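In structure tokens, one chain follows: the form deposited without the named molecule.
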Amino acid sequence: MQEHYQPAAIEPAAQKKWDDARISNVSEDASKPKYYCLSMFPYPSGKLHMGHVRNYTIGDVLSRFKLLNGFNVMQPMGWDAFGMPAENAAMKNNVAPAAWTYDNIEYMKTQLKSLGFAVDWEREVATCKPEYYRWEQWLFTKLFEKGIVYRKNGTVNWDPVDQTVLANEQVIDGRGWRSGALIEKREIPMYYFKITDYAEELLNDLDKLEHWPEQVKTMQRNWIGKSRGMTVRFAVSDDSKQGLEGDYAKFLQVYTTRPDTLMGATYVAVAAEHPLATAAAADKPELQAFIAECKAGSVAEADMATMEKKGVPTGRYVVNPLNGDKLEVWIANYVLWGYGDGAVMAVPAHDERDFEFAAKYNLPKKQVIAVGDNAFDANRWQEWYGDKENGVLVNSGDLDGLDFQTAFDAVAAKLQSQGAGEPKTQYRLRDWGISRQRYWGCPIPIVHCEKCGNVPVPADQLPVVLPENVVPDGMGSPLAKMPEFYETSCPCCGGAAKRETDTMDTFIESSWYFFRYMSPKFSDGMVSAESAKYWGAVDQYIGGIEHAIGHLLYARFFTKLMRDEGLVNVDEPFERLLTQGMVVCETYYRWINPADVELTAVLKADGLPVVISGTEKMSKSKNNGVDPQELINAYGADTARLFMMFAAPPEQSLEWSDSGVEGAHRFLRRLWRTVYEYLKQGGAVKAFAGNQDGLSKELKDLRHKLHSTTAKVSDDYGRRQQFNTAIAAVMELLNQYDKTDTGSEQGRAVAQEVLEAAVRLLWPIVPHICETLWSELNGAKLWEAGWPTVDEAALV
């Protein structure tokens, strides 16, 4: 055994000793209990970043732990290969997106092998392979024929200069963020997942997710947005039926979730495209220009309520079917057309949004709900206004004194008896568009025929192969400019036909890849019939916090889709959910990267003083991206993982510090020297076992700290997922070992038990150095020894 810790000597040797026995290559073995640990799989950006190292060390800690407890542990790894970054790296660097993507993957696969993640590399997957995306092309056609996937004209944002569809996250003051040119709303056909058909199941099955964080569950419920409310019809007054036609001249229909406040409505609001707005603006230009203002706007859903609520009145009036008060119709910029009836009512006294609206326009505020003896301030908002569970009605005639639940059913009875109302279930959730007017994505298996319509490619001819010998220039979809691709014969008649030149949303691959891992080479379907049974669903999912409302919901949706096609049994894909914290770092300018910078703050190369700015998430914007490759080169893979799991709990954010990195290194040198100096003073012994009534009190108390730590470390991996405190518990166990005289026959057998357990508890964190130190203390296979057991006799 070497006297000093040389991680470059042991880490690659321990890795080949791990490939020799193939410990992480798992198969369907129903003898050992299965455990499917999954890390969110990365995009081939080029090289790994510090955020990647956290995610995959958290997952490797959990996997190496469960595996040490005798589990069949599947920890697969793949590549989210499609996406725009390969297209921009193609436009700039004059490479093909495929050639760029494959060059990126092989470097990152080397970096991952350098960190020692016990990944089943025999299940590796790349989404840009026809071996993979054929199955989402296959699922497309099956659901397309079933109607769950369909084609319809929706409105999109077109950038006329840079020539591509844009998302509202990229629309700044009506102009694209790259060209800066005024964008045009356009009605193009798109393919849609009918996720609204699965809205109720996607909601109720959240309840069965016992180990999901209710913080995340709540977010899904709100994006789904189920609401039990009332559909009310306000009759158009005889003085305002002009311009309208049919039912629009007879009445105005609204939906409300609080019809127990129908007596409190003081004004209604329609959308800009509502016929009421078109009839009123027929001669009023300020109304015409306001309707034009709302249409040009492209307010994102992430910023949907950030907009100042505005609106002009119409001069037209409707009649409340209850109190009979004649209310004025308003055009408003929050009533969305296509989001239900396209027109709402407004009770300023009990909706905070309608309160801020009425105060803006001096519109009346009729209180109809009272909650106790509280004073109603018609000029200040109070929390007891929007109450739905504790208020009884007032200023409502016969409805005074009912709870909201009885007042709901009461108003429903009156409105239904007239025909002016009805109760209705509604969902904020809208269908899912998956059409990307880009190239580097999964093509859509639809062939257009002027006689047969939009026919899908049959399973025979799948996959519809995406050409890799393409370099996007920048002007529009490169596939629409390739007749050698889109020119084909119609599969339903034989005539000339164009393939669909759009590609699917890169979200599609991420919504089912965890199922492909179970049988990544299976040629007869998405997931093998036999392997989806043994693995069931993912037992642990670790990833970032970005796009949880998006991705996590889609995986839940695809799972239920695939479950309705005999492919899988489970209703839910992920059992346990852990979201890591971002890895942040300080920023420097003169933006200078922290790697080539030193502190007093001067440049590493020139000694040129550069100023230090605030810390951001590790990004390329402010040049704070710390390269984990440089980190491994300095101290090694063990020091990297140890620091990542020690600086903070996985949920909490992580401040990168160069000294804290060096602190994790010195602990490993201390752990190295500790085991060495023990073996220098007389080799190895057999670890202590059994009754202790006979040991010295100085040793009885160390066996206490031992099996106290052995329990706290097990609890910190399996229950709390607090790997930082787990490292601290082992450190304390070591600190008392150093203060204890172990130079006796019994003192040695305890020091073995202390050290044989300490290396095993820290193995999931730092497997290389622990595997090495374990080999010097015991010749049994470390996994044959298993997770350290807790002796309760040492605790009493």
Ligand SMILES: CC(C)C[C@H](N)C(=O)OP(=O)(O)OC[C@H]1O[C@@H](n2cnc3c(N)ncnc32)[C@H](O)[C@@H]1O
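The term rigid core refers to the maximal set of C-alpha atoms that superpose within 1.5 Å between the two forms. Don't overthink the numbering: it's just position in the shown sequence, from 1.
Same protein, other form: the form deposited with the named molecule bound, not shown, and the subject of what follows.
- [ ] Name the stretch, out of 158-166, 239-247, 506-514, 98-106, where some heavy atom lies within 4.5 Å of the named molecule in the deposited complex.
- [x] Of the stretches listed, the one contacting the partner is 506-514.
Open item on the list: Quick check on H52: any heavy atom within 4.5 Å of the named molecule in the deposited complex?
Closed with: Answer yes; at least one heavy atom of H52 falls within 4.5 Å of the named molecule in the deposited complex.
- [ ] State yes or no: in the deposited complex, is some non-hydrogen atom of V583 no more than 4.5 angstroms from a non-hydrogen atom of the named molecule?
- [x] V583 belongs to the contact set for the named molecule.
Open item on the list: Taking the named molecule as it sits in the deposited complex, is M40 near enough to touch it, meaning that at least one heavy atom pair lies within 4.5 angstroms?
Closed with: Yes - in the deposited complex, heavy atoms of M40 and the named molecule come within 4.5 Å of each other.
TODO: Although the named molecule is absent from this view, report whether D80 comes within 4.5 Å of it in the deposited complex, heavy atoms only.
DONE: Close contact exists here: in the deposited complex, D80 approaches the named molecule to within 4.5 Å, heavy atoms only.
TODO: Select from the listed residues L203, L466, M618, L322 the one whose heavy atoms reach within 4.5 Å of the named molecule in the deposited complex.
DONE: Answer to the contact question: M618.
Task: in the deposited complex, the one of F643, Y267, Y541, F117 near the named molecule [non-hydrogen atom within 4.5 angstroms] - done: Of the listed residues, the single hit is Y541.
Open item on the list: I want to make sure I read this right: if the two forms are fitted on their rigid core, which of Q681, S489, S237, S653 has a C-alpha displacement of 2 angstroms or more between the shown form and the other one?
Closed with: Spelled out, the residue whose C-alpha shifts by 2 Å or more is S237.
- [ ] Would you say whether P443 is displaced between the shown form and the other one, judging by a C-alpha shift of 2 Å or more on the superposed rigid core?
- [x] It does not, since the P443 C-alpha is displaced less than 2 Å between the shown form and the other one after the core fit.
Open item on the list: On a rigid core superposition, would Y267 pass a 2 Å threshold for CA movement between the shown form and the other one?
Closed with: Yes, shifts by 2 Å or more.
TODO: Verify the C-alpha shift of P76 between the shown form and the other one: is it 2 Å or more after superposing the core?
DONE: It does not, since the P76 C-alpha is displaced less than 2 Å between the shown form and the other one after the core fit.
Open item on the list: With a change of at least 3 Å, which way does the C-alpha separation between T164 and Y554 go in the deposited complex: closer or farther?
Closed with: Distance between the C-alphas of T164 and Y554: shorter in the deposited complex, by 3 Å or more.
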